[PDB]
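Asker: Protein chains in written order, with PDB author numbering: chain C, 2 to 68; chain B, 2 to 68; chain C', 2 to 68; chain B', 2 to 68; chain A, 2 to 68; chain A', 2 to 68. A prime marks a further copy of an entry chain. Virtual Cβ for every residue (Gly too), placed ideally from N, Cα, C. Shown below is the structure under consideration.
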Ligand code: MOO
Ligand code: MOO
Ligand code: MOO
Ligand code: MOO
Ligand code: MOO
Ligand code: MOO
Ligand code: MOO
Ligand code: MOO
Ligand SMILES: [Ca+2]
Ligand SMILES: [Ca+2]
């Protein structure tokens with residue numbers, strides 16, 4: 002129940018932990034892949050691990066269109 | 002060939018024009034819907050129309066993770 | 002349970018509805034005020050109205066520091 | 002005098018330096034905590050340190066609403 | 002003294018007002034042009050108009066690279 | 002042909018690699034400089050290095066105005 006209109010369910014297929022940030026790669030419907038860069042603290046708090054089923058969220062104003 | 006690593010192909014299923022901004026809704030693999038808000042100038046220049054085959058692009062640092 | 006680390010509870014003190022976007026102003030702790038621009042559809046779906054108690058959410062990478 | 006309408010004064014209560022990025026945590030009115038991830042270069046240039054009195058700035062189009 | 006590392010001085014050559022947002026177009030050094038979409042209220046508050054000399058500011062995390 | 006209206010051609014004058022992110026600094030027309038923080042993987046994938054000619058891309062909704 003958040004304003005961000007793009008909510009994409011997926012499964013974790015990759016995780017890389019940096020000093021401040023962390024990279025999460027999710028496989029969503031149709032084989033598409035979504036890549037997320039978040040704080041390292043969050044990775045630790047949401048129990049992010051390979052195989053976990055999670056949801057990618059994006060604000061509409063952050064989505065560009067390519068023709 | 003742009004750094005934004007998230008590229009999701011889709012078809013236009015919704016279009017609403019504002020004074021400065023415009024809203025484009027794309028249907029992607031699995032019926033998921035991606036909503037984008039961009040400049041009105043761009044819709045016009047990219048010739049966005051119902052049925053067009055376009056692509057949604059998102060920077061990794063804009064993707065959040067939900068548990 | 003989302004990665005975005007900034008979650009600020011507040012009360013709606015202002016709402017302006019545009020064609021594509023909408024502006025929401027919330028009063029949070031200490032009298033601070035937060036201003037949000039979201040899609041008009043969201044305003045309609047989350048039942049946004051003056052007096053409503055809601056939460057402002059922000060990704061860490063979108064926060065700048067001013068000295 | 003910048004368009005970002007959200008300006009929240011606070012004191013530094015956390016600082017973690019990465020190779021490229023850095024994390025700053027500010028305590029604002031009510032003990033709320035704001036977390037910011039910026040360039041390592043900037044922390045150094047703005048002389049960010051525990052106890053400093055700084056200000057968090059956020060563009061309105063980056064603030065989401067949660068119900 | 003804001004952490005955002007991109008500060009581009011320029012002159013207003015275009016200004017379009019919408020209901021909630023506004024579009025500002027600046028001509029910057031060297032023949033380049035920058036386009037910004039911000040809140041209508043900020044435009045009104047900073048007294049933006051054709052001919053004004055202002056600065057465009059962008060967070061490093063929001064700049065993409067294209068090859 | 003991406004909707005992002007800001008496309009600034011430039012040359013790489015600085016490149017710093019971190020664990021998850023990377024910092025690219027470009028010199029653009031007219032003596033201006035642009036700094037970008039993107040994923041380390043994209044840098045590696047687009048083969049970014051000192052001297053390369055590339056383009057910085059920014060969404061209009063991410064450009065702030067300072068008076
Ligand atoms: O209504 Mo949003 O937060 O622009 O997706
Ligand atoms: O070590 Mo970083 O600056 O979190 O990629
Ligand atoms: O390499 Mo990006 O531009 O953070 O997706
Ligand atoms: O960068 Mo975060 O961990 O989505 O607030
Ligand atoms: O009428 Mo708007 O301000 O382009 O949604
Ligand atoms: O007027 Mo803003 O820069 O969308 O907060
Ligand atoms: O990521 Mo910055 O240091 O706000 O440009
Ligand atoms: O808001 Mo835009 O049309 O992606 O620059
Ligand atoms: Ca943004
Ligand atoms: Ca952003």
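(1) Which residues in the same chain as residue 103(A') place their Cβ atom closer than 6 Å to its Cβ, once the five residues preceding and following it in sequence are excluded?
(2) So, is residue 50(B) buried or exposed, given that buried needs 16 or more other C-beta atoms within 10 angstroms?
(3) Measuring straight from C-alpha to C-alpha, what distance separates residue 23(B) and residue 64(B')?
(4) Taking the Cβ atom as the reference point for each residue, do residue 3(C) and residue 67(B') lie within a distance shorter than 8 Å?
(5) Measuring alpha carbon to alpha carbon, tell me which of 7(B), 21(B), 10(B) ends up nearest residue 41(B).
(6) Can you give the beta carbon distance from residue 19(C') to residue 57(C'), rounded, assuming they're within the 8 Å contact cut?
(7) For a test of your reading of the model: does the CB of residue 40(C') fall under 7 Å from any non-hydrogen atom of ligand 6? Yes or no.
(8) List the residues of chain A that residue 44(C') touches, going by C-beta distances under 7 Å, in chain order.
(9) Tell me which residue opens and which closes the alpha helix (DSSP H) that residue 44(B') is part of.
(10) Given the structure, does residue 60(B') come close to ligand 6, in the sense that its CB is under 7 Å from one of the ligand's heavy atoms?
(11) Would you call residue 30(B) buried or exposed, if buried means 16 or more other Cβ atoms sit within 10 Å of its Cβ?
(12) Pull up the DSSP beta-bridge partners for residue 15(B'), would you.
(13) Given this structure, state the Cα-to-Cα distance separating residue 62(A) from residue 62(C'), to the nearest angstrom.
(14) Let's see if you can read the secondary structure: which residues bound the beta strand (DSSP E) around residue 54(C')?
(15) If you measure from the beta carbon of residue 9(B) to each beta carbon in chain A', is any gap under 8 Å?
(16) Could you pull the start and end residues of the beta strand (DSSP E) that residue 66(A') belongs to?
(17) Find the residues of chain A that neighbour residue 60(B), judging by a C-beta separation of less than 7 Å, and give them in chain order.
(18) Enumerate in chain order the residues of its own chain whose CB-to-CB distance from residue 7(C') is below 6 Å, with the five nearest sequence positions on each side excluded.
(19) Assuming residue 16(B) contacts residue 35(B) (C-beta within less than 8 Å), just tell me the rounded distance between them.
Answerer: The short version:
(1) The question about residue 103(A') has no answer, for chain A' in this structure spans 2 to 68.
(2) Counting from 1 along the second chain, the entry for residue 50(B) is found at position 49. Its Cβ having fewer than 16 others within 10 Å, residue 50(B) is exposed.
(3) One-based indexing of the second chain puts residue 23(B) at position 22. One-based indexing of the fourth chain puts residue 64(B') at position 63. Each residue's Cα considered, the two are about 19 Å apart.
(4) Translated into positions along the first chain, residue 3(C) becomes position 2. Translated into positions along the fourth chain, residue 67(B') becomes position 66. Contact: yes.
(5) Your numbering for residue 41(B) matches position 40 in the second chain. When the alpha-carbon of residue 41(B) is set against those of 7(B), 21(B), 10(B), the nearest one is in 21(B).
(6) Working through the third chain from its first residue, we reach residue 19(C') at position 18. Working through the third chain from its first residue, we reach residue 57(C') at position 56. In this structure residue 19(C') does not touch residue 57(C') by the C-beta definition: roughly 19 Å separates them, more than the 8 Å allowed.
(7) Position 39 of the third chain holds residue 40(C'). With a cut-off of 7 Å, the C-beta of residue 40(C') is classified as distant from ligand 6, since no heavy atom of the ligand falls inside that distance.
(8) Locating residue 44(C') in the third chain gives position 43, counting from the first residue. Here the premise fails: no neighbours, minimum Cβ distance about 11 Å.
(9) Position 43 of the fourth chain, counted from the start, is the residue given in the question as residue 44(B'). Annotation for residue 44(B'): the continuous alpha helix (DSSP H) segment containing it runs 41 to 46.
(10) In the fourth chain, counting from the first residue as 1, residue 60(B') sits at position 59. Yes; taking the cut-off as 7 Å, the Cβ of residue 60(B') has a heavy atom of ligand 6 nearer than that.
(11) Position 29 of the second chain holds residue 30(B). Here residue 30(B) is exposed, its C-beta having fewer than 16 other C-beta atoms within 10 Å.
(12) Looking up residue 15(B') in the fourth chain gives position 14. In DSSP, residue 15(B') forms a bridge with 26(B').
(13) As a position in the fifth chain, residue 62(A) is number 61, starting the count at 1. As a position in the third chain, residue 62(C') is number 61, starting the count at 1. Distance between the alpha carbons of residue 62(A) and residue 62(C') is about 7 Å.
(14) The sequence position of residue 54(C') within the third chain is 53, counting from 1. For residue 54(C'), the enclosing beta strand (DSSP E) has its first and last residue at 54 to 59.
(15) For the purposes of this step, residue 9(B) is taken as residue 8 along the second chain, with counting starting at 1. Closer than 8 Å: no.
(16) Within the sixth chain, residue 66(A') is the residue found at index 65, counting from 1. Residue 66(A') -> beta strand (DSSP E) spans 65 to 67.
(17) The residue you call residue 60(B) lines up with position 59 of the second chain. For residue 60(B), the chain A residues whose C-beta falls within less than 7 Å of its own C-beta are 65, listed in chain order.
(18) Your numbering for residue 7(C') matches position 6 in the third chain. Hits under 6 Å: 59.
(19) The sequence position of residue 16(B) within the second chain is 15, counting from 1. The sequence position of residue 35(B) within the second chain is 34, counting from 1. Contact between residue 16(B) and residue 35(B) is ruled out by a C-beta separation of about 13 Å, above the 8 Å threshold.
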